[PDB]
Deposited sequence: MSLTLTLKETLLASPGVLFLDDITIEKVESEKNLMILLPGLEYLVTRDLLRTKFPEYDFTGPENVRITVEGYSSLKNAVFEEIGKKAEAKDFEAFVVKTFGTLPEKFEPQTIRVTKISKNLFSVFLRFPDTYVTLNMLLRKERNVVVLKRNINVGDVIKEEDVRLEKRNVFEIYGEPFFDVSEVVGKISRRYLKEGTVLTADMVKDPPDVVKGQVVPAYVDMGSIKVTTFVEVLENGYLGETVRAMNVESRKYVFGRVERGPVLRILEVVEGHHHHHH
């Protein structure tokens, strides 16, 4: 019907949020969009707007970000609870849907959190007078190590291969790296293309001995390694002449078995 331009952000107070609050033009509307609770952050999405007002189109920013004024006790108690059910710490959470009524007082009796899907939790609040459910999207935005260029199986990562980029860690499959210093010296297990967020499962540590390396050995001599090897591994070797089984030991020396 109408194309309403969305505000980028809104500072609010506890109560009921209406469409007029998040649009640049004046609209009259009496329908409850969100239940605004003190100290919590809200994100009004297009999917919310398509549900509530399917008859209108919307332009502007992807989401409207709403900060509600108030003491931080409810927030704290909610965040502590999400932390326990989610497994996570140091995260941001945004309410993207609410159900229930605006309570008279904002001191919850009970706080119950259940997983809806990936990164989405239903935070149920019991108040002496009523109930609020907040559907909260979890975000952990951090600087991660991303490839500047294509790399192959067996390539050593160097500082020139990688840059740092801000990403949502909760939308990365695998454990990312937060420092170039964590990945330099590592050996790629795969052919990766530029733009690939580096994760722990794609790289391996450098070997403690390499194939062809000269190391001291105990049976009182130096040997030449037939394979790459890590500490504790038994690597085949040669030396003047013969075949020897030898474990990589702290050193790195080989210890020739028997």
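Chemist: Lining up the deposited sequence with the coordinates, I want the ranges that have no C-alpha atoms.
Modeler: Comparing the full sequence with the modelled residues, the uncovered ranges come out as 1, 221 to 227, 248 to 249, 269 to 278.
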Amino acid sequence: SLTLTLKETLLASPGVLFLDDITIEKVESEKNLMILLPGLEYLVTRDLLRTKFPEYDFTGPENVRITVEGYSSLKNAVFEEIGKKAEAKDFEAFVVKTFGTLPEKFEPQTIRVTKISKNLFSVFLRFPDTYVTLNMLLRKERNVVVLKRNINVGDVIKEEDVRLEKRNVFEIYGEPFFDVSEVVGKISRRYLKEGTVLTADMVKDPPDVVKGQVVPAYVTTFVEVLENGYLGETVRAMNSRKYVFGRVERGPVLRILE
From here on, numbers count along this sequence of modelled residues.
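Chemist: Going by the mean C-alpha B-factor recorded in the entry, which is higher: 27 to 35 or 60 to 68?
Modeler: 27 to 35 has the higher mean C-alpha B-factor.
Chemist: Of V169, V123, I116, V96, which one's C-alpha B factor is largest in the deposited record?
Modeler: Largest recorded C-alpha B-factor: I116.
Chemist: Go through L192, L49, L226, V209 one by one and give the residue whose Cα B-factor in the PDB entry is largest.
Modeler: Answer for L192, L49, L226, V209: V209, with the highest C-alpha B-factor.
Chemist: Comparing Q213 with the other modelled residues of its chain, is its CA B-factor in the lowest, middle or highest third?
Modeler: Top third by C-alpha B-factor.
Chemist: Which third, lowest, middle or highest, does the C-alpha temperature factor of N135 belong to within its own chain?
Modeler: It belongs to the middle third of the chain when residues are ordered by C-alpha B-factor.
Chemist: Could you place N150 in the lowest, middle or highest third of its chain by Cα temperature factor, using the values in the record?
Modeler: Its C-alpha B-factor, which the entry lists for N150, ranks in the lowest third among residues of this chain.
Chemist: Would you check the entry's CA temperature factor for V219 and let me know if it's in the chain's lowest, middle or highest third?
Modeler: It belongs to the highest third of the chain when residues are ordered by C-alpha B-factor.
Chemist: Test of reading the entry: by CA B factor among the chain's modelled residues, which third contains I82?
Modeler: Lowest third, going by the recorded CA B-factors of the chain.
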